[PDB]
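Q: Encoded as structure tokens, here's the structure I'll be asking about.
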Amino acid sequence: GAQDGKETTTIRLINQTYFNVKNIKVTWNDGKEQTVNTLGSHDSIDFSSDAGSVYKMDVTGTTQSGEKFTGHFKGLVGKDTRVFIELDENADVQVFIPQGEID
């Protein structure tokens, strides 16, 4: 019940891959999760996140070709988060992030 509570992060998904997706669960705490409608070929979406700060993100989505990826993270910082959905290993769908303190 805030009215000046512009005191929350944003999360911003980018589908930097060779498909479209239609079913992204994202999590950004223990118990803060929501779902995202669709993300075009190389498209992007951003949405509000119900906490002022965040260090983890546990994502779970699926491709056009019914192929399921995750993004298991616990090393976030800062007052925003992005997601670079990309491919690796065999052009299999991974998830990546533009992190900074990752040493």
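Chain labels A, B, ... are given in the sequence in which chains occur in the structure tokens; within each chain residues are numbered consecutively from 1, and ligands are likewise numbered from 1 in the order shown.
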Compile the contact shell of range 30-32 of chain A as JSON, numbers by chain: residues with an atom at most 9 Å away, counting only C-alpha atoms, same-chain residues fewer than 6 positions apart removed.

A: {"A": [49, 50, 51, 56]}

Q: For N, CA, C and O atoms, I'd like the residues from the last selection saved as a CSV table (one decimal), in the first residue's frame.

A:
```
chain,number,residue,atom,x,y,z
A,49,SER,N,9.5,-5.1,-10.1
A,49,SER,CA,10.0,-6.2,-9.2
A,49,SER,C,9.7,-5.7,-7.8
A,49,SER,O,10.2,-4.6,-7.4
A,50,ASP,N,8.9,-6.4,-7.0
A,50,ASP,CA,8.3,-6.1,-5.7
A,50,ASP,C,9.3,-5.9,-4.5
A,50,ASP,O,8.8,-5.9,-3.4
A,51,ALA,N,10.6,-5.7,-4.8
A,51,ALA,CA,11.6,-5.5,-3.7
A,51,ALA,C,12.6,-4.4,-4.2
A,51,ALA,O,12.8,-4.3,-5.4
A,56,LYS,N,19.4,-12.5,-6.3
A,56,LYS,CA,19.2,-13.8,-7.0
A,56,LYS,C,18.1,-13.7,-8.0
A,56,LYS,O,17.3,-12.8,-8.0
```

Q: Just want the 10 Å neighbourhood of range 84-90 of chain A, counted on only C-alpha atoms, with same-chain residues fewer than 4 positions away dropped. Output as a short mmCIF file (atom, residue, chain, number, x, y, z; two decimals) with N, CA, C and O atoms, in the first residue's frame.

A:
```
data_model
loop_
_atom_site.label_atom_id
_atom_site.label_comp_id
_atom_site.auth_asym_id
_atom_site.auth_seq_id
_atom_site.Cartn_x
_atom_site.Cartn_y
_atom_site.Cartn_z
N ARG A 12 14.55 -6.83 -16.67
CA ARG A 12 14.44 -6.62 -18.11
C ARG A 12 14.99 -7.81 -18.88
O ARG A 12 16.19 -8.08 -18.86
N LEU A 13 14.10 -8.56 -19.52
CA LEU A 13 14.43 -9.78 -20.25
C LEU A 13 14.73 -9.40 -21.69
O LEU A 13 13.98 -8.60 -22.26
N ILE A 14 15.77 -9.98 -22.31
CA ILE A 14 16.05 -9.87 -23.73
C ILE A 14 16.25 -11.28 -24.30
O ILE A 14 17.08 -12.05 -23.81
N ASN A 15 15.49 -11.63 -25.34
CA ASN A 15 15.54 -12.92 -26.01
C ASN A 15 16.60 -12.96 -27.12
O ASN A 15 16.25 -13.08 -28.30
N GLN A 16 17.89 -12.84 -26.79
CA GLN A 16 18.97 -12.70 -27.77
C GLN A 16 19.37 -14.06 -28.37
O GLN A 16 20.52 -14.48 -28.31
N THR A 17 18.41 -14.76 -28.98
CA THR A 17 18.50 -16.15 -29.43
C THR A 17 18.02 -16.31 -30.88
O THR A 17 17.74 -15.33 -31.57
N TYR A 18 17.88 -17.56 -31.33
CA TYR A 18 17.33 -17.93 -32.64
C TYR A 18 15.84 -18.34 -32.64
O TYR A 18 15.36 -18.83 -33.67
N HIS A 42 14.82 -11.85 -30.69
CA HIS A 42 15.63 -10.71 -30.24
C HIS A 42 14.83 -9.58 -29.56
O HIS A 42 15.35 -8.47 -29.44
N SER A 44 12.58 -7.64 -26.33
CA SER A 44 12.79 -7.35 -24.92
C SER A 44 11.56 -6.76 -24.22
O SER A 44 10.70 -6.13 -24.83
N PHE A 69 14.81 -24.08 -20.90
CA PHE A 69 16.01 -23.46 -20.37
C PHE A 69 15.76 -22.99 -18.95
O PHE A 69 14.61 -22.73 -18.56
N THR A 70 16.84 -22.80 -18.20
CA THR A 70 16.82 -22.16 -16.90
C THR A 70 18.00 -21.20 -16.78
O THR A 70 18.88 -21.13 -17.63
N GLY A 71 17.95 -20.40 -15.72
CA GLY A 71 18.86 -19.32 -15.43
C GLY A 71 18.93 -19.20 -13.92
O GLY A 71 18.08 -18.53 -13.34
N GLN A 94 20.85 -21.60 -23.19
CA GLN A 94 21.29 -21.23 -21.86
C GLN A 94 20.64 -19.90 -21.48
O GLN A 94 19.77 -19.38 -22.18
N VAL A 95 21.03 -19.36 -20.33
CA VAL A 95 20.69 -18.00 -19.95
C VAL A 95 21.96 -17.40 -19.36
O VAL A 95 22.68 -18.05 -18.60
N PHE A 96 22.20 -16.13 -19.67
CA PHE A 96 23.35 -15.36 -19.25
C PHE A 96 22.89 -14.02 -18.66
O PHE A 96 21.71 -13.66 -18.71
N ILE A 97 23.82 -13.26 -18.09
CA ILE A 97 23.55 -11.97 -17.50
C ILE A 97 24.77 -11.05 -17.58
O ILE A 97 25.89 -11.50 -17.34
N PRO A 98 24.57 -9.73 -17.79
CA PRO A 98 25.62 -8.74 -17.73
C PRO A 98 25.93 -8.36 -16.28
O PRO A 98 25.57 -7.29 -15.80
#
```

Q: Based on DSSP run over this structure's backbone, return all residues of chain A in strand (DSSP E or B), as a PyMOL selection string.

A: chain A and resi 9-15+21+24-27+33-36+39+44-49+57-63+68-73+81-85+87-88+92-93+96

Q: For a quick check of understanding, using only C-alpha atoms, which of A:38, A:10, A:99, A:23 has the smallest distance to residue 74 in chain A?

A: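 Closest candidate: A:99.
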
Q: From the list A:54, A:26, A:2, A:91, which residue is nearest residue 77 in chain A when using only C-alpha atoms?

A: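 Checking each candidate against residue 77 in chain A, we get A:54 as the closest.
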
Q: If you count only C-alpha atoms, which residues fall within 9 Å of residue 33 in chain A, apart from same-chain ones fewer than 5 positions away, as a VMD selection string?

A: chain A and resid 25 to 28 49 58 to 59

Q: Of the residues A:34, A:40, A:1, A:57, which is the one nearest to residue 82 in chain A, using only C-alpha atoms?

A: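 Smallest separation from residue 82 in chain A among the options: A:57.
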
Q: One decimal, in Å: what's the spacing between CA of residue 3 in chain A and CA of residue 37 in chain A?

A: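 Spanning CA of residue 3 in chain A to CA of residue 37 in chain A is a straight-line distance of 26.9 Å.
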
Q: Compare A:93, A:41, A:103, A:8 by their minimum atom-to-atom distance to residue 68 in chain A, counting only C-alpha atoms, and give me the closest one.

A: A:93

Q: To one decimal in Å, tell me the separation between CA of residue 55 in chain A and CA of residue 7 in chain A.

A: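 Answer for the CA of residue 55 in chain A to CA of residue 7 in chain A separation: 15.8 Å.
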
Q: Using only C-alpha atoms for the distances, tell me which of A:80, A:63, A:20, A:4 is nearest to residue 48 in chain A.

A: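 Smallest distance to residue 48 in chain A is found for A:80.
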
Q: To one decimal place, how far is CA of residue 102 in chain A from CA of residue 72 in chain A in Å?

A: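 Between CA of residue 102 in chain A and CA of residue 72 in chain A the gap is 14.5 Å.
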